[PDB]
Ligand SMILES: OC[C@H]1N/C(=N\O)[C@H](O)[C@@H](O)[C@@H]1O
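Below you will find one chain, with nothing else, as structure tokens; this is the form solved without the named molecule, and questions on how it binds or moves follow later.
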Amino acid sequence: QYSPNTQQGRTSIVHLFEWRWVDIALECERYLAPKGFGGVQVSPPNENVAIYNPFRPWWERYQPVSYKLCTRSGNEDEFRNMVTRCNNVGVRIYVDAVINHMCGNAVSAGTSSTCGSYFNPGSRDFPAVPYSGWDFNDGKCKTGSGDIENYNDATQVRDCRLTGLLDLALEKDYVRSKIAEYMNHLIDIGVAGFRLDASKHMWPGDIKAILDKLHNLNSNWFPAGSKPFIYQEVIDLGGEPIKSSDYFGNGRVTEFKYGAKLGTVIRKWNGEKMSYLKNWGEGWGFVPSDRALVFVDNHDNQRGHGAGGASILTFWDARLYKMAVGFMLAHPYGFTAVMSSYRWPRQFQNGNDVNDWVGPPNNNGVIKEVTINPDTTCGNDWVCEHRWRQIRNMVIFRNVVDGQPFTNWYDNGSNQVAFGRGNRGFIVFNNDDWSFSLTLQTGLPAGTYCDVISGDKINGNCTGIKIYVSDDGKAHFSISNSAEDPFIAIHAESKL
């Protein structure tokens, strides 16, 4: 469960948030495969409630109606086609599994679903599964509202409705079986793993019982006996009865402290400085590296819909964002997940964005295709951070130094730091309010290296800055505090 199952040499996954199956298939062959990406996390592929007020919000996909592979992203045939094409080019697919609940109990009965399936939250009737009143925790929950009111109570957090979402009785073999049936269908199609949504709201034992009924990965692409990669979405920030470690037996867990702390440091908040990142990792109270899934931001907290809140860095803060993602990709702690989002009309009303519900680029509900501009960027309002030179080149950086130890760390006691990875890569950061000009030990063999942040290496040529490493692995670095990108990165594969 703990192994990503990615092709050897691929160390990251990208969350192509709300992308259509056909666009992901193309992206796999035209970009992800050749640029070294390990995998892709897709939005929930199962049928959900169609919400028209607001209008097709992004969160409607976290309200299941059935387990039919029928969504705004595409149908079953298109999903199968995408998984096959991606696996054929060495890019894995990870599915966002929404198995803790169904749709909101206050949602109107009818056929307002992505596949026309009928459902009735009022009577707990979901005939397309099929599920009935006997498959929910309405009798288990002992709160007055029926929803979760006390997070200091593990039992209600697990047996009560999370913000009104119908809570499934995962202790029932029938329900566990229906879920495993859905996940096994996806495994046979070819998915390499799953993101367990709202894992904190499920008992670790119930999850285990479900994983027990899962098949091994498709033997056409994976070695026999291969188990699906499992990462559970658990928001653990410190003083709650429920701990991330409670889920270590099922697989990896999302480390939400990673992005929250990194954002605070990069922003130079609460007195933090990049100099403290010397012991970054478990030393900061994070879960063991071999059990962590890290990221700077995600679809939830990038809108303020999650853990971290205000310190979270996202594409809106491009300069600091690129620096944060760069540091994460260069650091050996955990398995890294990169975010890929879309732009929305942000509107704040006293510190709160009233348009945080806005769904993906669309034409009257129909998701707009991802267009590629001549400069390899995306159009139609898709941000495509994974296509940003500074981010994509750092993704490759992590692959190149995969395995090398954290070494040659340097810091000025403030916000100017540098460190290498064995003898395969070196990165320098200048987050202070003054220029950086110093000769440092890189631990890299002598030669001319192309800075992969300001440019690229193309057939014995650099399109950006060039770094000269001498015989003793020493090299000079100059980064102005006013530089577009205040950091430099070089590695074994960027050497001329």
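Numbers for residues come from their place in the sequence shown, where the first is 1.
Relative to its counterpart among 129-137 and 178-186, 129-137 has the higher mean temperature factor, C-alpha atoms as listed in the PDB entry.
When the C-alpha B-factors of 46-54 and 439-447 are averaged, 439-447 comes out higher. Across the residues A192, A97, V107, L277, the deposited record lists the maximum Cα B factor for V107. In the PDB entry, the Cα temperature factor peaks, among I242, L196, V417, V83, at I242.
Among the modelled residues of its chain, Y468 has a C-alpha B-factor that falls in the middle third according to the deposited record. When the CA B factors of the chain's modelled residues are split into thirds, the value for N430 lands in the middle one. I458 sits in the highest third of its chain by CA B factor, as recorded in the PDB entry. Among the modelled residues of its chain, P288 has a C-alpha B-factor that falls in the lowest third according to the deposited record. Per the deposited record, the Cα B-factor of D485 falls in the middle third when ranked against the other modelled residues of its chain.
The form deposited with the named molecule bound is left out here; the points below concern that form.
With the partner removed from view, the residue among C141, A198, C115, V89 that has a non-hydrogen atom within 4.5 Å of the named molecule in the deposited complex turns out to be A198. Only one of the listed residues (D381, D153, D300, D411) places a non-hydrogen atom within 4.5 angstroms of the named molecule in the deposited complex, and that residue is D300. With respect to the named molecule in the deposited complex, the three residues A292, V338 and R398 uniformly fall beyond 4.5 angstroms at the level of their nearest heavy atom. At the 4.5 Å threshold, heavy atoms of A324 stay clear of the named molecule in the deposited complex, well away from it.
For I235, a non-hydrogen atom is located within 4.5 Å of the named molecule in the deposited complex, even though that partner is not displayed. Taking the partner from the other structure, the named molecule in the deposited complex has no heavy atom within 4.5 Å of any heavy atom of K213. Of the heavy atoms in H305, some are within 4.5 Å of the named molecule in the deposited complex. The stretch from 198-206, 183-191, 403-411, 422-430 that comes within 4.5 Å of the named molecule in the deposited complex, counting heavy atoms only, is 198-206.
If you take 156-172 and check each residue for a heavy atom within 4.5 Å of the named molecule in the deposited complex, you get just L162.
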